[PDB]
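Below is model_23.txt, holding compact mmCIF, N, CA and C atoms.
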```
# COMPACT_ATOMS: atom_id res chain seq x y z
N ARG A 1 -11.97 -4.18 9.38
CA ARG A 1 -10.94 -3.24 8.85
C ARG A 1 -11.50 -2.32 7.75
N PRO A 2 -10.87 -1.14 7.56
CA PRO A 2 -11.33 -0.20 6.53
C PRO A 2 -11.30 -0.80 5.12
N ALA A 3 -12.27 -0.41 4.30
CA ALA A 3 -12.42 -0.92 2.94
C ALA A 3 -11.16 -0.76 2.09
N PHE A 4 -10.44 0.34 2.26
CA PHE A 4 -9.26 0.59 1.44
C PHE A 4 -8.19 -0.48 1.65
N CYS A 5 -8.22 -1.14 2.80
CA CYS A 5 -7.25 -2.19 3.12
C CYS A 5 -7.35 -3.40 2.19
N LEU A 6 -8.43 -3.46 1.40
CA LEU A 6 -8.63 -4.51 0.41
C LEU A 6 -8.10 -4.14 -0.98
N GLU A 7 -7.62 -2.92 -1.16
CA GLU A 7 -7.11 -2.49 -2.47
C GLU A 7 -5.82 -3.23 -2.77
N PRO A 8 -5.62 -3.63 -4.04
CA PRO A 8 -4.31 -4.10 -4.46
C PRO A 8 -3.39 -2.86 -4.56
N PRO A 9 -2.07 -3.06 -4.58
CA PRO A 9 -1.15 -1.93 -4.65
C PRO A 9 -1.28 -1.18 -5.96
N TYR A 10 -1.09 0.13 -5.90
CA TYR A 10 -1.18 0.98 -7.07
C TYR A 10 0.13 1.72 -7.29
N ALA A 11 0.90 1.26 -8.27
CA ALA A 11 2.18 1.88 -8.58
C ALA A 11 2.00 3.29 -9.13
N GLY A 12 0.94 3.50 -9.90
CA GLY A 12 0.70 4.78 -10.54
C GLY A 12 1.54 4.97 -11.78
N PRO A 13 1.37 6.12 -12.46
CA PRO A 13 2.05 6.36 -13.73
C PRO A 13 3.45 6.96 -13.62
N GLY A 14 3.89 7.28 -12.40
CA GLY A 14 5.17 7.95 -12.19
C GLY A 14 6.38 7.06 -12.43
N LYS A 15 7.53 7.69 -12.64
CA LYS A 15 8.74 6.94 -12.94
C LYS A 15 9.70 6.81 -11.76
N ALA A 16 9.31 7.32 -10.59
CA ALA A 16 10.14 7.12 -9.40
C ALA A 16 10.16 5.66 -8.98
N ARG A 17 11.12 5.31 -8.14
CA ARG A 17 11.26 3.94 -7.68
C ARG A 17 11.32 3.92 -6.16
N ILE A 18 10.15 4.09 -5.56
CA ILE A 18 10.05 4.24 -4.12
C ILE A 18 9.38 3.00 -3.54
N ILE A 19 10.06 2.33 -2.61
CA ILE A 19 9.42 1.23 -1.92
C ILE A 19 8.36 1.73 -0.96
N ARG A 20 7.15 1.22 -1.13
CA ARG A 20 6.05 1.48 -0.20
C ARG A 20 5.45 0.16 0.22
N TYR A 21 4.52 0.22 1.17
CA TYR A 21 3.86 -0.98 1.69
C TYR A 21 2.36 -0.92 1.52
N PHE A 22 1.75 -2.05 1.15
CA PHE A 22 0.31 -2.16 1.18
C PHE A 22 -0.07 -3.30 2.10
N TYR A 23 -1.27 -3.23 2.67
CA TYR A 23 -1.79 -4.35 3.42
C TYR A 23 -2.47 -5.37 2.50
N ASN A 24 -1.98 -6.60 2.54
CA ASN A 24 -2.54 -7.72 1.82
C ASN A 24 -3.42 -8.50 2.80
N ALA A 25 -4.73 -8.24 2.74
CA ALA A 25 -5.66 -8.84 3.69
C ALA A 25 -5.80 -10.35 3.53
N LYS A 26 -5.63 -10.85 2.31
CA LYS A 26 -5.70 -12.29 2.04
C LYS A 26 -4.58 -13.02 2.77
N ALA A 27 -3.39 -12.41 2.78
CA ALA A 27 -2.24 -13.00 3.45
C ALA A 27 -2.12 -12.55 4.91
N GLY A 28 -2.85 -11.50 5.28
CA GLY A 28 -2.72 -10.90 6.62
C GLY A 28 -1.32 -10.34 6.82
N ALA A 29 -0.80 -9.66 5.80
CA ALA A 29 0.59 -9.20 5.81
C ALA A 29 0.74 -7.84 5.15
N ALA A 30 1.71 -7.07 5.62
CA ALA A 30 2.13 -5.85 4.97
C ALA A 30 3.26 -6.19 4.01
N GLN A 31 3.09 -5.82 2.74
CA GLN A 31 3.97 -6.25 1.65
C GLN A 31 4.53 -5.07 0.85
N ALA A 32 5.80 -5.16 0.47
CA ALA A 32 6.45 -4.09 -0.26
C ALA A 32 6.02 -4.08 -1.72
N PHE A 33 5.91 -2.88 -2.28
CA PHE A 33 5.69 -2.69 -3.71
C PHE A 33 6.42 -1.42 -4.13
N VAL A 34 6.64 -1.27 -5.44
CA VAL A 34 7.30 -0.07 -5.93
C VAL A 34 6.26 0.94 -6.40
N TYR A 35 6.33 2.13 -5.80
CA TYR A 35 5.45 3.26 -6.11
C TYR A 35 6.20 4.27 -6.99
N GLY A 36 5.49 4.77 -7.99
CA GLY A 36 6.07 5.67 -8.99
C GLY A 36 6.12 7.13 -8.60
N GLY A 37 5.60 7.48 -7.43
CA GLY A 37 5.76 8.83 -6.89
C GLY A 37 4.58 9.77 -7.05
N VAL A 38 3.59 9.36 -7.85
CA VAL A 38 2.40 10.19 -8.08
C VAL A 38 1.12 9.35 -8.06
N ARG A 39 0.03 9.99 -7.63
CA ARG A 39 -1.32 9.42 -7.67
C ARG A 39 -1.51 8.24 -6.71
N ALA A 40 -0.83 8.29 -5.56
CA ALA A 40 -0.98 7.26 -4.53
C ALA A 40 -2.44 7.04 -4.18
N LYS A 41 -2.80 5.77 -4.01
CA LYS A 41 -4.09 5.38 -3.46
C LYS A 41 -3.97 5.21 -1.94
N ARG A 42 -5.07 4.86 -1.28
CA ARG A 42 -5.06 4.82 0.18
C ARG A 42 -4.21 3.68 0.77
N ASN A 43 -4.20 2.52 0.12
CA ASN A 43 -3.42 1.39 0.62
C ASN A 43 -1.95 1.53 0.19
N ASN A 44 -1.29 2.54 0.76
CA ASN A 44 0.06 2.93 0.37
C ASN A 44 0.69 3.59 1.59
N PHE A 45 1.65 2.89 2.19
CA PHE A 45 2.23 3.31 3.46
C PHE A 45 3.74 3.40 3.36
N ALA A 46 4.33 4.23 4.21
CA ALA A 46 5.77 4.41 4.21
C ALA A 46 6.50 3.19 4.77
N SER A 47 5.83 2.40 5.60
CA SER A 47 6.46 1.26 6.28
C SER A 47 5.46 0.13 6.47
N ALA A 48 5.97 -1.07 6.73
CA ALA A 48 5.10 -2.20 7.06
C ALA A 48 4.34 -1.94 8.36
N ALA A 49 5.02 -1.35 9.35
CA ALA A 49 4.37 -1.06 10.63
C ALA A 49 3.17 -0.14 10.43
N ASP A 50 3.30 0.87 9.58
CA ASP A 50 2.17 1.79 9.31
C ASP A 50 0.98 1.07 8.66
N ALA A 51 1.27 0.19 7.70
CA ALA A 51 0.22 -0.58 7.04
C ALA A 51 -0.50 -1.49 8.02
N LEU A 52 0.27 -2.15 8.88
CA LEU A 52 -0.33 -3.02 9.90
C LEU A 52 -1.15 -2.24 10.91
N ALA A 53 -0.66 -1.08 11.33
CA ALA A 53 -1.40 -0.28 12.30
C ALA A 53 -2.76 0.14 11.75
N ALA A 54 -2.81 0.51 10.48
CA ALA A 54 -4.06 0.96 9.88
C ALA A 54 -5.01 -0.21 9.60
N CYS A 55 -4.46 -1.35 9.18
CA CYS A 55 -5.27 -2.40 8.56
C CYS A 55 -5.32 -3.76 9.26
N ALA A 56 -4.38 -4.05 10.16
CA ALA A 56 -4.25 -5.43 10.67
C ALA A 56 -5.43 -5.93 11.49
```
Turn this file's structure into structure tokens for me.
Amino acid sequence: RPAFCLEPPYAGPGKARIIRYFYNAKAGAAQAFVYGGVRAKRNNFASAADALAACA
């Protein structure tokens, strides 16, 4: 799998409250986190299905 799939989630400095998904390779799962709306990293998906498609 791509290296970015190993990143922990990055909320960023923004104050928005947007649910996004990251791939947790240790758990083999797509997991929800709250994203602040700015400075997204690569392991940041709109849905669990998208995270799994890229990283599973």
Residues within 10 Å of (1.7, 3.6, -0.3), file coords, only C-alpha atoms, listed as a list in words | residues 9, 10, 11, 18, 19, 20, 21, 22, 23, 32, 33, 34, 35, 36, 37, 39, 40, 41, 42, 43, 44, 45, 46, 47, 48, 50 and 51 of chain A
Atomic separation - atom C of residue 52 of chain A relative to atom C of residue 28 of chain A, Å | 9.1 Å
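Across the model, the gap from atom CA of residue 30 of chain A to atom CA of residue 3 of chain A is 15.5 Å.
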Figure out the distance between atom C of residue 15 of chain A and atom N of residue 56 of chain A, please, to one decimal in Å.
-> 28.2 Å
Give me every helix (DSSP H, G or I) residue in segment 3-52 of chain A, going by DSSP on the backbone, as a VMD selection string.
-> chain A and resid 3 to 6 48 to 52
Using only N, CA and C atoms, can you list as a list in words the residues within 8 Å of (-9.6, 0.7, 14.0)?
->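 I get residues 1, 2, 53, 54 and 55 of chain A for the residues within 8 Å of that point.
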Once you add 6 Å to each side, what are the centre and edge lengths of the axis-aligned box holding all listed atoms of segment 39-50 of chain A? One decimal in Å, as JSON, if you can.
```
{"center_x": 0.7, "center_y": 3.9, "center_z": 1.5, "size_x": 23.6, "size_y": 24.2, "size_z": 30.3}
```
Identify, with DSSP run on backbone atoms, the residues in chain A assigned to strand (DSSP E or B), and express the list as a ChimeraX atom specification.
-> /A:18-24,29-35,45
